[PDB]
Amino acid sequence: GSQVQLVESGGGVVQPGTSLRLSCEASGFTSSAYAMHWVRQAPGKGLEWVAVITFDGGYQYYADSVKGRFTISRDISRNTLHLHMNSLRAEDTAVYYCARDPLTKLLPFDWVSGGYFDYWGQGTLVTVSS
Amino acid sequence: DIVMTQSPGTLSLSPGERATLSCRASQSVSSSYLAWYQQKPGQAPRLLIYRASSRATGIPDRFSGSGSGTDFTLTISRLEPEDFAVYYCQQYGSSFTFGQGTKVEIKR
Numbered sequence: 003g004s005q006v007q008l009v010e011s012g013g014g015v016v017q018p019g020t021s022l023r024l025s026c027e028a029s030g031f032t033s034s035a036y037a038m039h040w041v042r043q044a045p046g047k048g049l050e051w052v053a054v055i056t057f058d059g060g061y062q063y064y065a066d067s068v069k070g071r072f073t074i075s076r077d078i079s080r081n082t083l084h085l086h087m088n089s090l091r092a093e094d095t096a097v098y099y100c101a102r103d104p105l106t107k108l109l110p111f112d113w114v115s116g117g118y119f120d121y122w123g124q125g126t127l128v129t130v131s132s
Numbered sequence: 001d002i003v004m005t006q007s008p009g010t011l012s013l014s015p016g017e018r019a020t021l022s023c024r025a026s027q028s029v030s031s032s033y034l035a036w037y038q039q040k041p042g043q044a045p046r047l048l049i050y051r052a053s054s055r056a057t058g059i060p061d062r063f064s065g066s067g068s069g070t071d072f073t074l075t076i077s078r079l080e081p082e083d084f085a086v087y088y089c090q091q092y093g094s095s096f097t098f099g100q101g102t103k104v105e106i107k108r
């Protein structure tokens, strides 16, 4: 619509070792035109970058803490971003934010320069029970 | 791989005081690609500064970012009640990494 909105969904209480898919619905902009990210915040701790997908959809990168277990993807026809999380661990408890990056275009390696996060969603809480 | 560290852990100040927040990178930040964010309790982060010194749209003049190489600074010239929050730096010179945050709280 008029204002840019990012709305995350899918969070809840989940048991160790299970899988969960989060979603981020964008409005007011076309998410396929930007690098899109997931950033999480564990309770009482700081922001931790999780994953990026480039505007072309062909490149994805992940934090070492989640690589191999998480997958970032996008549904271009529905303006939606997804995070598929497998083998959930106690350290995955956090509120998960979807964020837009207006700078990043090419990411040929995991060490090249990236971008900053100009719009954020409200977050969705994932709690791994014990 | 680039570790970002912020100081101090907490600033306890009254409204009207100036706040100076420091952020140090373990390696020089390419192109001075350093951003600052504000996060109020229970809210999502808000972009304040990008490219170490450029204000985002709608950010008041009292906020300024500076620095280069490994050492960066966010200054709030006069704290307003809405400025009490947690502030994060984030480098994007090599991948994406955040500092641990500095809490700016009202002095009691």
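As you go down the protein sequences, you meet chains H and L in turn. Each number in the entry's author numbering corresponds to the 1-based position in the first sequence with 2 added. Oh and the second sequence: position 61 is 61 in the entry's author numbering, straight run, nothing missing. Ideal Cβ placement from N, Cα and C applies to all residues, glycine included.
Residue-level contact to chain L via CB, residue i, 8 Å cutoff
i	result
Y64 (chain H)	no
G48 (chain H)	yes
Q5 (chain H)	no
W40 (chain H)	no
residue 1 (chain H)	This structure leaves residue 1 (chain H) out entirely; chain H is present only between 3 and 132.
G60 (chain H)	no
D112 (chain H)	yes
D120 (chain H)	yes
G116 (chain H)	yes
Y36 (chain H)	no
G123 (chain H)	yes
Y98 (chain H)	no
Spatially closest choice to residue i from the options, by CA coordinates
i	options	result
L105 (chain H)	H:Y118, H:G12, H:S25	H:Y118
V86 (chain L)	L:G58, L:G93, L:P60, L:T102	L:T102
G12 (chain H)	H:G48, H:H84, H:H39	H:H84
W51 (chain H)	L:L11, L:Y88, L:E17	L:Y88
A52 (chain L)	L:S64, L:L34, L:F63	L:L34
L49 (chain H)	L:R108, L:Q6, L:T75	L:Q6
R91 (chain H)	H:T82, H:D77, H:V15	H:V15
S54 (chain L)	L:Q39, L:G42, L:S31	L:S31
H86 (chain H)	H:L22, H:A44, H:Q5	H:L22
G30 (chain H)	H:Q7, H:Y36, H:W40, H:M38	H:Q7
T20 (chain L)	L:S94, L:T73, L:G99	L:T73
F72 (chain H)	H:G59, H:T82, H:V54	H:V54
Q124 (chain H)	H:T20, H:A28, H:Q17	H:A28
Residue-level contact to chain H via CB, residue i, 8 Å cutoff
i	result
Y87 (chain L)	no
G93 (chain L)	yes
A52 (chain L)	no
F96 (chain L)	yes
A44 (chain L)	yes
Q27 (chain L)	no
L21 (chain L)	no
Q38 (chain L)	no
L48 (chain L)	no
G101 (chain L)	yes
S64 (chain L)	no
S31 (chain L)	yes
Helix, strand or coil at residue i [DSSP, three-state]
i	result
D66 (chain H)	coil
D71 (chain L)	strand
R18 (chain L)	coil
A85 (chain L)	coil
Identified DSSP bridge partners for residue i
i	result
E105 (chain L)	L:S12
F98 (chain L)	L:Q90
residue 163 (chain H)	Since the first residue of chain H shown is 3 and the last is 132, residue 163 (chain H) is not available in this structure.
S75 (chain H)	H:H84
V3 (chain L)	Its beta-bridge partners do not exist; DSSP assigns none.
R24 (chain L)	L:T5, L:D71
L109 (chain H)	Per DSSP, none; premise fails for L109 (chain H).
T129 (chain H)	H:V15
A96 (chain H)	H:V128
Proximity test, residue i beta-carbon vs the ligand PLP heavy atom, cut-off 7 Å
i	result
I49 (chain L)	The model depicted lacks the ligand PLP and carries no ligand whatsoever.
Complete beta strand (DSSP E) runs within the segment 6-66 of chain H (minimum length 3 residues, chain order): Every beta strand (DSSP E) of 3 residues or more that sits fully in the segment 6-66 of chain H is shown, in chain order, as 7-11, 14-16, 22-29, 37-43, 49-55, 62-64.
Kindly provide the ranges of any beta strand (DSSP E) runs that are 3 or more residues long and lie completely inside the segment 29-83 of chain L, ordered along the chain. 34-39, 46-50, 63-68, 71-76
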